[PDB]
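Next up is one chain by itself, shown in structure tokens, the form deposited in one PDB entry.
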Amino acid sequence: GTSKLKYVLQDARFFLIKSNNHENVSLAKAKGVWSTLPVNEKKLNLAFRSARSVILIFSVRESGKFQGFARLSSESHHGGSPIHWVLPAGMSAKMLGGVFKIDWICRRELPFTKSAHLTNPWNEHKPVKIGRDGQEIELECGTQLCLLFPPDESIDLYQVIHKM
């Protein structure tokens, strides 16, 4: 069912994560970690202290889809292992040393065609698929977007609710 999912999303904050390639999203799903640029790392750390749940919604550039969503379980921390991110052009490894731990809520895909009816007030009411890495998604839009994803029956939200 969706009841525990709705509970997790209650009063959550949502942020759009735009990855340049699938490999980093695959690594994030396997290891439960994410890293972003310093400007967004600061935003996520502020949000983590401010909200009962902080939700990252992932989209690989040019894929035309979202690849799932996850809840921050910690602030960023350095010096814990060297994550073998595939680094885009202009992207060095020192701009990813901040590692957040995340718990996946859904690892299923959602095509952009299914979210065309949702606009984000914090990005000029453009379709929620549109936005830069780190763009915040307003509560109602973010909640409805997460509820569009196919259910991920491999995930038990009981442990996530306890992290809260």
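A residue's number is simply how far along the shown sequence it sits, counting from 1. We call the rigid core the largest set of C-alpha positions that still match within 1.5 Å between the two forms.
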Handout entry: 28 to 36 versus 92 to 100 - which carries the larger mean C-alpha B factor in the record
Key = 92 to 100
Handout entry: Mean C-alpha B-factor comparison - 37 to 45 and 135 to 143, higher one
Key = 37 to 45
Exercise for the section: Pick out which of 59, 123, 50, 115 has the highest C-alpha B-factor in the PDB entry. Expected result: 50
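Separately, the form deposited in another entry exists; it is not shown, and the next lines address it.
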Exercise for the section: Please say whether, between the shown form and the other one, the C-alpha of residue 32 moves by 2 Å or more once the core is aligned. Expected result: no
Practice task
Given a change of 3 Å or more, say if the Cα atoms of residue 128 and residue 90 sit closer or farther in the other entry than in this form.
Solution key: farther
Problem - Cα distance between residue 79 and residue 70, which in the other entry differs by 3 Å or more from this form, closer or farther - result: closer
